[PDB]
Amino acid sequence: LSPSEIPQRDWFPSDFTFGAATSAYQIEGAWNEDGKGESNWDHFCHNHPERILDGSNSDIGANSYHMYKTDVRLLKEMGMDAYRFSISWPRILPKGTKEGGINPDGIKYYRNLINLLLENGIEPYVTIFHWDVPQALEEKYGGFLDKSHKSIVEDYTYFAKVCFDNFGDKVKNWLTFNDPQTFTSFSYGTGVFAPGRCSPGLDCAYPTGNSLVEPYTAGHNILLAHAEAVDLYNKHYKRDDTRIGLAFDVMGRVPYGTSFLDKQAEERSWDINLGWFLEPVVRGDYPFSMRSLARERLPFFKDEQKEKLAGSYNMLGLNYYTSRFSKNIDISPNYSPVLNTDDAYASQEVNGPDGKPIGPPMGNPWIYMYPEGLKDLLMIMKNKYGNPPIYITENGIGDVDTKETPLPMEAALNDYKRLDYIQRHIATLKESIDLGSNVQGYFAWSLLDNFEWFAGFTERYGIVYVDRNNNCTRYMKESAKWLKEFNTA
């Protein structure tokens, strides 16, 4: 709020990075053009529109496949140092496999986007996989549910090789996966993401899975896939100045009460949310708490794998939005986990014991502003996990805009709530950096308003407004205007 409280670029180091981010399926559109194979999401939205809040799909998105030159202009205008976007697996390998052949148009597109960004002095941060699994592999062996722990791993590794092959010379920053926890938990736990599987009795499109097992199977394959891709990268592609890693979605955790019991609950919560995928790439295995609680439901790694996994990164991405109070749940005959996330034996509350929310509500159903949680998370990365190079690869909020409660374009552009939120977190990074945090960059999540998975188009997360009523025309929002001023000045 206060003038001296508003972040200034000179607050951060000269080499610090500021940018924006998106994901292929959310913005690309052209779902079936120039030889692009079908994805799990194409398949899910088309077959189960009832599972999308407004029954929409992303056949078009923000049409960034055809309008990338504009996205680049926008980034240049705001003075962003970098841009993080993902690559569509099927647009590159329609069948998802080597034998399926590499789609030249798919390669050409990302090739053009990369050169243009660079031409304009914007560093590309390439996310190899953002939930878009080729349907071919999905039907072939369930994709990441691959009970063999081999097929999907090799297929993902080849996909990566093609990316390193065709873009390696230009790309200096790679991210193998983005939000693996939300992907596995939502796609196989609660079943709100494609393909929509969950345990019998649960309300999802295909209640014939197992919410206590599939998320861990998928998670295991993701980790094996990551380790293999990084091995390949370090052996045949890494250069003295390039980096590879992955990004984790994470909610800050705060003890519900003062009991040491809730502090324990909090620990188990960080473990099942962040630790799940971070500990394996850090030391080669899952958090002890998860193994003691999920037991046989959580696969074991071979010695070779643990070896390939430990230290498989040069930098790590953190996608932060909110936090929750963690309240203890005792083990006893009166309680039985139903969802994989229930293995943490802790309830995640928005309201503390005083009935008040952990932070001011930002609009949609789950984002409560609590920049303190980001600070705690960075302190944990610094003191417990080796203080590696950190990039806040995602941060932002979603403005609600439904057919029942339309959000006027004027109001959509005057996103002061978003601006305030963004400046608070950027300020939080300043503090963490002075305390020793190895944070090296910040990416505002959603360069553009786009498809928001099961929420469809009911939420606008962009710093740039997209008018789909008029050829997806881009309009800077106040938040984008400030970022432009911030990056300049």
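Residue positions are given as counts along the sequence shown, with the first one as 1.
Chemist: I need to verify one thing: averaged over C-alpha atoms only, is the B-factor higher for 136 to 144 or for 246 to 254?
Modeler: According to the PDB entry, the answer is 136 to 144.
Chemist: For the stretches 218 to 226 and 349 to 357, which has the higher mean C-alpha B-factor as given in the deposited record?
Modeler: So the stretch with the higher mean C-alpha B-factor is 349 to 357.
Chemist: Go through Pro287, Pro180, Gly168, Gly189 one by one and give the residue whose Cα B-factor in the PDB entry is largest.
Modeler: Each of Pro287, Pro180, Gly168, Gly189 was compared by C-alpha B-factor; the highest is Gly168.
Chemist: Of the choices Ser292, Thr184, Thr405, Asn273, which one's C-alpha carries the largest B-factor in the record?
Modeler: Highest CA B-factor of the listed options: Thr405.
Chemist: Comparing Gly55 with the other modelled residues of its chain, is its CA B-factor in the lowest, middle or highest third?
Modeler: Middle third of the chain for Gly55's C-alpha B-factor.
Chemist: Among the modelled residues of this chain, does the Cα B factor of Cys45 put it in the lowest, middle or highest third?
Modeler: Highest third, going by the recorded CA B-factors of the chain.
Chemist: Quick one: classify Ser479 as lowest, middle or highest third of the chain based on its Cα B-factor.
Modeler: Tercile = middle for this residue's CA B-factor.
Chemist: For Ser332, does the deposited CA B-factor place it in the lowest, middle or highest third of the chain?
Modeler: Its C-alpha B-factor, which the entry lists for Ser332, ranks in the middle third among residues of this chain.
Chemist: Divide the modelled residues of the chain into thirds by Cα B-factor and specify which third, lowest, middle or highest, holds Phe260.
Modeler: Lowest third.
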